[PDB]
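Below you will find one chain, with nothing else, as structure tokens; this is the form deposited in one PDB entry, and questions on how it binds or moves follow later.
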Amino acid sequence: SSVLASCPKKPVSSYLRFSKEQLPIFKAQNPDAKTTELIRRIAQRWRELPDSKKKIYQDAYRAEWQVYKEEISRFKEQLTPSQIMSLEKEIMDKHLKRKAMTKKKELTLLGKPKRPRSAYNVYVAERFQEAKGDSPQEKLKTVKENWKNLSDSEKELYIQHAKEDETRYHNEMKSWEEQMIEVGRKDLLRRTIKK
């Protein structure tokens, strides 16, 4: 039920067409080399390739562009309003998710401290494994139920471990945010802390 998946995609431009055909060859002749390295060498092949040769690829791309113009129009015109709407949402959702992940992958490279664990988090970590259930979803529900029934005294270790992680997070954030200052990124810093 995804309009987007059935949507005609843009033809590949010249270099990539080349790359798409070259890679399996380089891989055959260099079976153990990392793809990373093969691509670099392939781009070098492309750079050295005489303009008259690239033109061949470009000509193909330009022709492919013409069939794409025709395909995309016919497709769009064939779409009902509700389908147009879901296609737009799908594109929208796809974009935001891509931007989110990109930001997440960054912070992770930058070594941003995980946020604090709650007493509940700590509880799940201690009790998940022995919890009955056919699936993680069911085994989490099991834990959730037993948690709601925990007394305040039964909760003491979980809360204590949570408190301990609060201290952990505080410290780690301190150090990180300072390191981010050195790299001149006070924009990654929190606008508001508490205690």
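Counting begins at 1, following the sequence as shown.
Participant: Averaging only over Cα atoms, indicate whether 181-189 or 8-16 has the higher B-factor in the PDB entry.
Facilitator: According to the PDB entry, the answer is 181-189.
Participant: If you average the CA temperature factors over each stretch, which comes out higher, 128-136 or 152-160?
Facilitator: Higher mean C-alpha B-factor in the PDB entry: 128-136.
Participant: Kindly indicate the residue among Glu70, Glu64, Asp165, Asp51 with the greatest C-alpha B-factor in the PDB record.
Facilitator: Checking the PDB record, the top C-alpha B-factor among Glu70, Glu64, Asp165, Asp51 is at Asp51.
Participant: If you check the C-alpha B-factor for each of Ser86, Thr108, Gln78, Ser118 in the entry, which is highest?
Facilitator: Out of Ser86, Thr108, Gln78, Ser118, the record gives the largest C-alpha B-factor to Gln78.
Participant: Where does the C-alpha B-factor of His95 rank in its chain, lowest, middle or highest third?
Facilitator: For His95, the deposited C-alpha B-factor lands in the highest third.
Participant: According to the PDB entry, is the CA B factor of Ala60 in the bottom, middle or top third of its chain, that is, lowest, middle or highest?
Facilitator: As the PDB entry reports it, the C-alpha B-factor of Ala60 lands in the lowest third of its chain.
Participant: If you rank every modelled residue in this chain by C-alpha B factor, which third holds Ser175: lowest, middle or highest?
Facilitator: Tercile = highest for this residue's CA B-factor.
Participant: Which third, lowest, middle or highest, does the CA B-factor of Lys141 fall in along this chain?
Facilitator: Tercile = middle for this residue's CA B-factor.
Participant: In terms of the CA temperature factor given in the entry, to which third of its chain does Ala28 belong: lowest, middle or highest?
Facilitator: CA B-factor rank for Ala28: highest third.
Not pictured, yet referred to below: the form deposited in another entry.
Participant: Assigning each C-alpha to the rigid part whose superposition suits it better, are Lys9 and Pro50 members of one part between this form and the one not shown?
Facilitator: Yes, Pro50 belongs to the same rigid part as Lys9 (C-alpha assigned to the better-fitting superposition).
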